[PDB]
Amino acid sequence: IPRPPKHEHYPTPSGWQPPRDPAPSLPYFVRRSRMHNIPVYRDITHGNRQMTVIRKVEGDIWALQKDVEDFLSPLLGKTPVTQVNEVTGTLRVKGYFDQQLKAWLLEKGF
Amino acid sequence: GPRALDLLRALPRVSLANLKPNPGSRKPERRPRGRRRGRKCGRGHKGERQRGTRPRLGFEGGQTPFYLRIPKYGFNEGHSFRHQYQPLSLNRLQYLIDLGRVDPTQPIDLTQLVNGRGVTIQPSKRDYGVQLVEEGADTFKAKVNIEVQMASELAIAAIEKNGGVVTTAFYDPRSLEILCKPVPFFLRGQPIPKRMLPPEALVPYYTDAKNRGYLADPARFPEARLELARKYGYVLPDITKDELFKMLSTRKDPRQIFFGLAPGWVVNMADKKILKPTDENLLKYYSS
Amino acid sequence: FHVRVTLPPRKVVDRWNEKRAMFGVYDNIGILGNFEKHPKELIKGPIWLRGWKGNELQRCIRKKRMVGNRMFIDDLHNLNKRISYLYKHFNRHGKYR
Amino acid sequence: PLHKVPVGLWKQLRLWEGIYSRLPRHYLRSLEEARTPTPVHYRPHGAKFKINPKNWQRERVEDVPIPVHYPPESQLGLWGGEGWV
Amino acid sequence: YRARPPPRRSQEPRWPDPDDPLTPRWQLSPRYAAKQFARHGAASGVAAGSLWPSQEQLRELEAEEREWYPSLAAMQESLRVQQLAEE
Amino acid sequence: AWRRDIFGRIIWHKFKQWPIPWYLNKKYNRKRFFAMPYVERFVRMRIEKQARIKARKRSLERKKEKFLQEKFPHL
Amino acid sequence: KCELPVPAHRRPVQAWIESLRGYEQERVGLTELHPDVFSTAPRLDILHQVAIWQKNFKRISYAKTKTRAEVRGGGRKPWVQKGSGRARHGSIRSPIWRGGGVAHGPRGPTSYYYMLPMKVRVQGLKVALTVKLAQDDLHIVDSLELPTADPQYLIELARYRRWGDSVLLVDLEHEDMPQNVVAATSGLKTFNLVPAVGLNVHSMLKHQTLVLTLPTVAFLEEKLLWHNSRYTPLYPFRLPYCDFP
Amino acid sequence: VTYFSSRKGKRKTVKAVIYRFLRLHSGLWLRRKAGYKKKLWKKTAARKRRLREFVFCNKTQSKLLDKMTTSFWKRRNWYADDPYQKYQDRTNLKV
RNA sequence: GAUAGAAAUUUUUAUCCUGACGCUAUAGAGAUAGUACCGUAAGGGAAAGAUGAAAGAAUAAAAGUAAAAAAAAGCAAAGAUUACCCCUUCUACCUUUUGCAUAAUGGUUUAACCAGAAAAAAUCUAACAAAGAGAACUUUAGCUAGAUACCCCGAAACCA
Ligand SMILES: [Mg+2]
Ligand SMILES: [Mg+2]
Ligand SMILES: [Mg+2]
Ligand SMILES: [Mg+2]
Ligand SMILES: [Mg+2]
Ligand SMILES: [Mg+2]
Ligand SMILES: [Mg+2]
Ligand SMILES: [Mg+2]
Ligand SMILES: [Mg+2]
Ligand SMILES: [Mg+2]
Ligand SMILES: [Mg+2]
Ligand SMILES: [Mg+2]
Ligand SMILES: [Mg+2]
Ligand SMILES: [Mg+2]
Ligand SMILES: [Mg+2]
Ligand SMILES: [Mg+2]
Ligand SMILES: [Mg+2]
Ligand SMILES: [Mg+2]
Ligand SMILES: [Mg+2]
Ligand SMILES: [Mg+2]
Ligand SMILES: [Mg+2]
Ligand SMILES: [Mg+2]
Ligand SMILES: [Mg+2]
Ligand SMILES: [Mg+2]
Ligand SMILES: [Mg+2]
Ligand SMILES: [Mg+2]
Ligand SMILES: [Mg+2]
């Protein structure tokens with residue numbers, strides 16, 4: 001895969017924002033996709049169970065869990081349900097937060 | 001990094017001796033033995049089912065079968081011969097130029113869209129190429145040369161506004177194949193055949209400057225194209241004055257599959273050598 | 001249910017003999033080796049079964065279509081018959097229909 | 001087990017060995033090649049490609065010979081290439 | 001123990017016996033020859049001029065191509081009768 | 001002479017002495033030296049039958065070499 | 001120094017470079033190892049997966065048993081349906097019967113062959129290596145030039161370095177292995193000597209110590225790292241590609 | 001249904017499903033309403049409307065139909081001009 | 001209807017490198033053999049070996065019995081007891097049925113044999129992800145892989 005062309009202007013027309021020159025000090029990190037996209041996806045089970053998966057996370061995910069659920073709680077009035085997989089390096093959350101989590105990981109610049 | 005690492009200093013060797021697959025990976029099979037799952041083994045009692053013969057799937061027990069009461073209809077009728085065109089949104093296109101998969105600099109036809117893995121064509125399945133849609137219409141900032149098999153008005157518009165040139169070109173099943181996975185066609189080691197002309201019904205679509213059809217009269221190109229701007233309300237750029245002009249101008253023969261090559265040729269990729277016929281009948285054949 | 005009276009000589013097996021030490025050696029050959037040869041070619045076996053898998057019906061119908069005309073008369077016969085039986089049984093029987 | 005060679009080829013390698021090996025080569029050659037006998041009983045369609053009337057597309061079309069048995073007496077006279085159907 | 005020699009795919013041109021009875025007929029075809037040129041073809045010692053159609057093949061391809069695929073001008077004229085008849 | 005009998009075996013035919021020519025001989029003429037069409041089937045089977053016995057003779061002897069070499073660690 | 005870019009948030013690893021000529025030359029040097037190969041998150045899950053996939057996918061079991069169709073004879077009802085006053089049977093080759101057929105059992109040559117997907121096997125070698133390193137039992141070497149063809153030297157070397165019982169020695173190619181290595185090791189059970197084209201998970205776990213040559217590591221690091229950055233193949237990779245061999 | 005073919009080993013499809021139905025990509029199966037060409041004069045205009053319709057098949061029928069139908073009719077399709085392409089996706093479905 | 005089912009057009013690298021998550025005397029070939037034996041015939045068709053270097057050295061565990069015949073009462077046991085019974089308390093077991101102690105079926109007993117196979121869709125675990133698959137395909141979170149599934153015996157007939 002081509003390393004994507006450095007531009008003068010960010011974000012780009014299609015909305016692509018590069019991760020920063022430094023990385024934050026938060027005790028966890030998110031590898032961008034092999035496409036340099038933020039590894040947040042949506043997935044369903046049994047057709048009715050809606051889920052949101054954060055991927056490729058290196059560090060204490062527990063912290064990431066804290067921060068994510070604390071970001072989402074004002075939105076739903078209540079903590080959203082969470083499943084942490086420590087060996088997978090993966091986070092899972094009930095409902096579709098795809099759009100908002102995309103933004104929230106553009107915030108911290110992962 | 002992964003503090004898990006430092007937990008492995010503590011523990012005994014990882015070897016074959018100690019291995020557990022991920023819990024819930026193997027959902028264990030059961031076997032009709034024992035008090036629970038033996039004795040009729042979940043096959044029920046007597047009747048048909050216990051003997052394993054219950055009738056075929058569409059069957060209602062002789063009442064006229066659901067799927068068979070309903071009258072036939074033209075539906076999937078001639079489904080094999082109905083042309084398909086794989087869609088390409090403008091949003092996806094902007095995307096692909098943005099991450100520099102397909103670069104706008106050199107010309108863009110299907111092949112390039114393919115190699116960036118931005119689109120997938122299965123010609124055997126009656127796919128006659130990529131077609132264009134307007135999804136990122138407002139999003140679209142890129143100046144590009146695009147050649148597709150079909151496009152929609154709004155799409156043509158959104159490329160014009162930015163100053164690129166869109167051409168509607170056709171490919172037959174065979175030539176289209178050659179187009180999409182070209183390297184394996186070369187390794188086939190057969191000459192590079194003539195391009196077909198589009199079928200009769202399709203003819204009017206490709207003869208219109210309306211679509212900027214590759215077989216259309218260039219005399220109407222500047223006309224209908226400028227028309228596009230008055231309808232959609234923008235100032236039409238002067239392409240002839242641009243630096244990238246000579247690439248945007250670049251066309252194919254209606255007989256040419258690729259850029260820079262010609263019917264009749266043969267590629268030897270071992271010797272990195274092109275081969276052209278010096279025989280006359282051949283040249284009359286492939287150049288016609 | 002009468003069971004063996006005398007202990008057998010304990011079979012001693014070196015797991016360090018050649019074949020076991022060298023197990024699975026070239027497995028990654030395509031990957032590590034800039035793929036030219038596929039893991040398939042590490043499969044030494046019956047002509048029709050190399051780098052392939054299937055249930056009984058598929059196996060059989062395969063052996064037929066590949067080596068069929070090189071088979072003996074009788075085996076061949078039994079093969080066509082096994083085929084028929086299987087046709088009938090997979091299609092036409094089951095609980096699950 | 002299997003045979004080293006398929007049995008359809010047993011009648012040919014039957015010929016490669018033994019006395020057939022000293023046979024005149026021209027003979028064996030006129031024997032090898034089987035030209036397809038003239039259509040007599042079945043009537044052929046001309047083209048390789050023929051349009052489907054129902055479906056409306058060009059269709060690859062091939063011609064299958066019809067089996068014709070010859071009683072032994074057929075070989076005694078001249079039947080002009082035909083026989084029993 | 002030292003391991004076996006790694007299995008290698010021989011990169012040389014490879015030609016079966018044309019006269020061996022057991023050898024498959026799919027490896028004895030013209031196309032296989034063409035393919036073999038494509039692979040190496042310098043070293044494969046394939047006659048280059050053979051990678052193009054014969055005079056027979058040529059005139060037949062010609063015959064069928066002019067048969068089922070008319071002229072652009074001719075197709076436009078095929079369409080004018082239709083459009084005007086429907087008008 | 002080498003001849004081929006009705007059973008599809010190829011046999012060595014020991015000759016005999018007769019006071020008269022063979023085409024004038026009853027008993028000789030009603031002997032058939034040749035194979036008929038159907039016999040061709042059995043011929044194959046014979047081969048096959050025979051072909052197995054060799055096949056599994058070999059496979060036995062090979063076995064007898066493993067056993068010995070694991071019973072007697074020479075060298 | 002590593003021949004390949006590390007991701008910005010991740011520092012490389014370093015391993016002693018040991019050499020093989022003296023017993024007593026332990027750390028002859030220092031090597032930076034790539035974090036994305038030798039520091040990867042350890043997953044025994046995939047170790048397991050691929051370890052099995054190694055075991056099985058080669059497996060063809062030839063075990064045939066004969067169905068009531070394939071047994072010798074008994075093409076007939078042994079006695080009549082009615083009046084005998086014993087249990088009714090078809091052929092004496094009914095599976096019920098003594099010398100008769102086998103109901104289900106094994107069938108024929110039977111293969112288990114399946115392809116673990118690409119990037120999986122890849123990440124498996126990755127993990128295996130990471131683990132051999134993190135459990136401290138990986139030893140990088142330069143050279144591999146051996147002082148002599150006496151195998152006792154080698155065994156005693158492993159003895160002086162507390163290398164544990166078994167060892168897998170990895171070299172770059174089949175042709176380039178020096179003659180003393182080949183000599184001394186080919187007469188050894190526990191030690192093994194292999195081109196890095198045949199590095200494999202099963203063997204990695206089968207030997208209590210892994211030993212890697214420097215050209216070998218520079219090679220591996222690359223060949224594996226290729227795969228997080230790679231497209232989905234269009235056609236087989238053995239074919240011509242723009243960048244690719 | 002033929003769950004395993006003879007020559008290919010594959011799973012065959014019923015054709016008489018296909019001639020009278022249509023599968024969207026959502027999984028909704030579409031059909032004619034029976035008897036619509038049948039005894040028209042005898043029928044009220046209302047009925048005639050109700051018949052000339054295209055209608056949807058309940059879950060049972062759909063699943064059934066899928067079983068008699070291979071992968072190839074379940075694939076995604078972009079036809080030029082397609083009257084039904086407008087329809088293939090599900091919108092606003094909250095379950 | 002049940003089902004049947006193509007081709008054009010594409011793909012395929014050498015030999016070398018043999019074995020065995022095959023059986024172990026009811027298994028494994030029918031086979032110690034097409035032998036005995038059974039059929040007028042075509043045809044059917046068995047069962048069985050075991051000490052040790054040397055015979056140019058003479059475990060006591062299946063049913064069944066014996067050592068030891070039985071003592072008012074009754075699904076045979078159980079609760080028990082100082083004590084075997086004596087006391088008290090419980091309608092064999094399977095299949096099959098609305099319902100069986102049933103006087104409905106099956107079985108002398110022991111041993112060895114003797115019957116649930118499939119991956120469309122689905123879930124579960126995982127890789128990578130607007131993509132994924134070691135070619136061909138599928139995609140509006142998806143593709144890919146893995147793991148999860150559908151028995152045994154029997155007619156009268158029928159055709160050659
Ligand atoms: Mg999903
Ligand atoms: Mg039960
Ligand atoms: Mg029952
Ligand atoms: Mg009932
Ligand atoms: Mg498609
Ligand atoms: Mg099976
Ligand atoms: Mg029989
Ligand atoms: Mg019979
Ligand atoms: Mg019967
Ligand atoms: Mg027996
Ligand atoms: Mg047996
Ligand atoms: Mg062998
Ligand atoms: Mg036996
Ligand atoms: Mg006893
Ligand atoms: Mg009592
Ligand atoms: Mg009662
Ligand atoms: Mg009753
Ligand atoms: Mg009742
Ligand atoms: Mg009663
Ligand atoms: Mg009674
Ligand atoms: Mg009764
Ligand atoms: Mg009773
Ligand atoms: Mg009864
Ligand atoms: Mg009963
Ligand atoms: Mg009784
Ligand atoms: Mg599936
Ligand atoms: Mg099962």
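Parameters and conventions
- Residues numbered from 1 in each chain as written, not as in the entry; some residues may be left out.
- Chains lettered and ligands numbered in written order.
- Part of a larger assembly, values for the part shown.
- Heavy atoms only, no water.
- Near = heavy atom within 4 Å.
- Polar contact = N/O pair within 3.5 Å; in protein donor to acceptor, adjacent residues only side chain to side chain.
- Helix = DSSP H or I, 4+ residues; strand = E, 2+ residues; numbered from the N terminus.
- Nonpolar A, V, L, I, M, F, W, Y, C, P; charged D, E, K, R; others polar.
- Buried < 20%, exposed > 50% of the residue type's maximum accessible area, 1.4 Å probe, protein only.
- Pairing = 2+ DSSP bridges.
- Contact = heavy atoms within 4.5 Å.
- Salt bridge = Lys/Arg side-chain N within 4 Å of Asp/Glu carboxyl O.
- Axes fitted to C-alpha atoms, helices over the stretch in contact; angles between N-to-C directions.
- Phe/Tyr/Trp six-rings, centres within 6.5 Å; stacked < 30°, edge-to-face > 60°.
- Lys NZ or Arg CZ within 6 Å of the ring centre and 35° of its normal.

Determination of this PDB entry was carried out by cryo-EM to a resolution of 3.80 Å, according to the record.

The title given for this PDB entry is "Structure of the 55S mammalian mitoribosome".

Per the PDB entry, chain C carries the name MITORIBOSOMAL PROTEIN ML51, MRPL51 and comes from Sus scrofa.

(A) Geometry of the protein's contact with RNA strand I. Neighbouring RNA strand I are 145 residues; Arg55(A), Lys44(C), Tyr87(C), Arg43(G) and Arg75(H) lie closest to it. For RNA strand I, the fraction of atoms within 4 Å of the protein that belong to sugar or phosphate moieties is 64%. Within the side chain of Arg43(G), a nitrogen or oxygen atom sits 2.2 Å from a sugar or linking oxygen of RNA strand I. The element best represented in the surface near RNA strand I is helix α4 (residues 73-92) of chain C, accounting for 5 residues. Class assignment of the residues belonging to the surface near RNA strand I gives a composition of 41 nonpolar, 39 polar and 65 charged.

(B) Inspection of the pairing of strand β8 (residues 210-213) of chain G at higher detail. Residue and element names in this part refer to chain G. Here β8 shows two buried faces, one formed by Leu 210 and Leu 212 and the other by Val 211 and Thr 213. Bridging between strand β6 (residues 167-171) and β8 involves 3 bridges; their strand directions are parallel. In the sheet register, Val 170 faces β8, and the bridge partner there is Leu 212.

(C) Seen up close, the side chain of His174(G). Looking at the element boundaries, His174(G) is found in the loop between β6 and α5 (179-186). According to the relative accessible area criterion, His174(G) is buried, its value standing at 16%. If near-sequence neighbours (up to four positions away) are discounted, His174(G) is found in contact with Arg2(E), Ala3(E), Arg4(E), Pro5(E), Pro6(E) and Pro195(G).

(D) Region of the structure containing the pattern of salt bridges. Counting across every chain of the model gives 39 salt bridges over all chains. We note a salt bridge from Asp242(B) to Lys143(B), for which the minimum N-O separation is 3.1 Å. Taken together, the positions of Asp242(B) in the loop between α10 (221-232) and α11 (245-248) and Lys143(B) in the loop between β2 (127-132) and β3 (145-148) put the pair 99 residues apart, joining distant regions of the chain. Taking the relative accessible area as the measure of exposure, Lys143(B) reaches 28% and is therefore partly exposed. A salt bridge links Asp14(C) to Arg20(C); the nearest nitrogen and oxygen atoms lie 3.8 Å apart. You can call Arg20(C) partly exposed: its relative accessible area is 33%. A single network of salt bridges, built from pairs that share partners, joins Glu56(C), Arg82(C), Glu70(G) and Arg107(G).

(E) Representation of the pairing of strand β1 (residues 13-18) of chain G. Residue and element names in this part refer to chain G. Pairing of β1 with strand β2 (residues 29-33) involves 5 bridges; the strand directions are antiparallel. Across the sheet, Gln 14 pairs through a bridge with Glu 32, a residue of β2. Here 2 bridges tie β1 to strand β5 (residues 138-141), and the two strands are oriented parallel to one another. Looking across to β5, one finds that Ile 17 is bridged to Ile 140.

(F) Representation of the sheet that holds strand β7 (residues 191-195) of chain G in the model. All names here are of chain G. Read from one edge to the other, the open sheet built from 6 strands follows the order β2-β1-β5-β8-β6-β7, with strand pairing classed as mixed. Sheet topology places β2 and β7 at the edges, where each strand pairs with a single neighbour. Mean inter-strand twist for the sheet, computed between neighbouring axes without regard to direction, equals 30°.

(G) Representation of the packing of aromatic side chains within the structure. Under the defined criterion, the tally for this structure stands at 35 aromatic pairs over all chains. Measuring from centroid to centroid gives 5.3 Å for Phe29(A) and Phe110(A), while their planes differ by 80°, and the two rings are edge-to-face. One end of the pair, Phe29(A), is in strand β1 (residues 28-30); the other, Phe110(A), is in the segment after α2 (98-107), and 81 residues separate them in sequence. On the accessibility criterion, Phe29(A) (14% relative accessible area) is buried. Classification of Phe110(A) as buried rests on a relative accessible area of 1%. Summarising the aromatic geometry, the rings of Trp22(F) and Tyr23(F) are spaced 5.4 Å apart at their centres and angled 85° between planes, so their arrangement reads as edge-to-face. Exposure class is identical for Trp22(F) and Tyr23(F). Each is exposed. Through pairs of rings, three or more aromatic residues link up here, namely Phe35(C), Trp226(G), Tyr235(G), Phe237(G), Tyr241(G) and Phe244(G). Lying over the aromatic face of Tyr73(B), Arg32(H) brings its terminal NZ or CZ to 4.8 Å of the ring centre.

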